Each structure stands twice: as structure tokens, then as C-alpha cells.
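One chain is shown next in C-alpha cells, namely the form deposited in one PDB entry.
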């Protein structure tokens, strides 16, 4: 439940037994042969795992320093790593006898992942979304409907993600006997930070095997962007006990840290309680969750998972920021140099790795988690 002092279960008493039943089921199924046969089957035949580990040779040689490898989560079905967790939790729900999934979404990206997995497994799917975000995210809202999910606009409060989160929790209180609440990052009350990290750790397990095959050694650095922190935990976790491997998480610096327009909870936030967890959040002087900004739609979550708060505390991982401008430059650079259009989220990681590689020797190795593809971002990048 706790990663040092971070984490917990800050929920109404009515959710304590549903969370206990979720943990009990998870511990029974996570190493179960039939659960894992089915999970691996869907990850392989529907999602397309394993994803490759790609040597960005042209990019590496241009920069003239460390080798840059990309872990190609952009090739997962749906175009983002979110699918790994959506499948894992949807299958868990089905094994628990649940017939319905709920989730919240801001950018729409987790709503789409949840809708895809629910459709695969024949589950009913309802997605809560702040009405402001519904308005802005026309294409993700349509995708969700096409996939058979019902998008429920949330018109109360500020009509954004915090309000969707509150409605989802209210629904789960009433419907948990048949409904699974599918949390989309390494956030929420225990056991969700643990479960999500476990379902994303396939990224790092593949990457470790792949870099050993390609280079005969472990990487010197792993770089991943951090919203809530799921793609970063997924790639980091299998290397945590390899002391030599540096772990770097990259938060959204937005218009700059001194600008008021970013989403850098670890770098600029403070300890607080939100979404059922004690962690770092961007919160105003009256304890209210602040609006965030990033050019990357999915780096909008106003906090970070407790395991990252912990890794930062113990200095096992370092957390940095990259600006919209730096991310955009990396988006263009990777596209023209390697013929891979990255997600704007992932472009933050690419940007930082490019900076880092310049300083490192040519025999050193950086793996970047390319968490998604950038097709979804083309309208945004055109407008800029």
C-alpha cells in the first residue's frame, strides 16, 4: 500500500471492502497459469506484443555520443502503451465475474484504451469525461463511441478531469458488485499503483531481454516521460535492482516552470492527497487541484504516482522537465531522421535523451520508452 510515505487508500469507508476484494483477486490471479495464458494470448495476438527495440542509428550518429535505442510501444494496438494495462485490468475484471468497466479520461486516450479492451472482452463500458474535455477532444470521443463505449459528460465543478474522477468514484461505490473501475495510470488508492505497474512491466522485461541480445549489456540510462507515471514504471521496474542503470523520468515543462503553465508535479508540486493517494500534486494554496498545461494532451494528470515519489526520495531515479518547445523539436527531429512520428508525450523523453546522449561516450547506451505514436497529434502540430 505504501512506497515509503507515499500511497495509501484515501477513500470513503464504503470502498474499503471492494478494494480488499480487488487485491485478494489480484494476488490469486497474477501468477495463475490460466490468467497468464489468456493475458499473454491477447497481448500477443490482439495487441501485437512483443514490440521491437529499435536502434536509432541515424539519430545516434548525428548527435555523436551515446547509442539511442527506442522501445517501440508506438507499435502496440491503439498506438500507446495504455493498452497493456487496459487489457490486464479488463481481463482481471472478467476473471472476477464483472460485466462492466468504468473509467475517467481527460485527453481521451485512456478512455479509448478502456473502450478497446472492453469491446475485445465483451464488457459494457462507460467513460466519465469532463464536459470541457468532451468538447475539445472530438476525435477521441468519436473513437470511444465507435468502440461501443458510452461517454458520460460531467457538467459539474470545473467540467474537467477532477470532476470525472469524482463521478467515477461515486459510480463505483454504487456498482462495484458487477463493475470494475479501470484506473489508467500508476495512481489511485492501493492496489492500483501496484497493479498498473505490474501490467506495464512487460515493457521493461522485453526491453531488458532485447538490449542484452543487441548489445550484450544493460543500458546506462533509461528515459521515459511521466504523466501519472505508468509507461515509466513499466520500463523502469525490471531494472530497479540493476544498480548501474540510471533511470530518468521526464515531466512536462509546458511554457516553462516559471510560467505557471506546466504539469511537473515532482519538480514543482507538493505533497497532498487526491484520487485516493498521498503523493505529489499541483495544488493551490487552498488545497485545490490546479489546472495543468502541456502541448502533449496526455501529460495533463495533476499529480504523479506514489512509486515515483518514492523513487525520487531515495534517489533511485532522477526527474527532469522538458518544455513544449523542446518536445516539438524532438517530434520533428525523430520524424525526419528515423521516419517515426512519436506521440508528443514520448517526444518529451526523446528530447531529453538527445540532450543526454551528447555528453555520454559512444559506447554508452540509452533506451527511450517511445510510449506512443504521433498520428493523434498531427492536428495539434499543424496548428503550431
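Basically, rigid core = biggest C-alpha set you can superpose within 1.5 Å across the two forms. Numbering follows the first chain given and starts at 1.
- A summary of the deposited B-factors shows that, of 13-21 and 367-375, the stretch with the larger mean C-alpha value is 13-21.
- Once the C-alpha B-factors are averaged per stretch, 355-363 and 318-326 rank with 355-363 first.
- Across 188, 216, 228, 108, the greatest Cα temperature factor reported in the deposited entry is at 216.
- The PDB entry gives the largest Cα B-factor of the residues 289, 183, 277, 119 to 289.
- Residue 344: CA B factor in the lowest third of modelled residues in this chain (values from the PDB entry).
- Per the deposited record, the Cα B-factor of residue 76 falls in the lowest third when ranked against the other modelled residues of its chain.
- Sort the chain's modelled residues by C-alpha temperature factor and residue 178 lands in the highest third, per the entry.
- Sort the chain's modelled residues by C-alpha temperature factor and residue 308 lands in the lowest third, per the entry.
- Among the modelled residues of its chain, residue 220 has a C-alpha B-factor that falls in the middle third according to the deposited record.
Here the subject shifts to the form deposited in another entry, a form of this protein not shown in this document.
- When the two forms are overlaid on the rigid core, CA displacement between the shown form and the other one of 2 Å or more is confined, within 246, 124, 290, 313, to 290.
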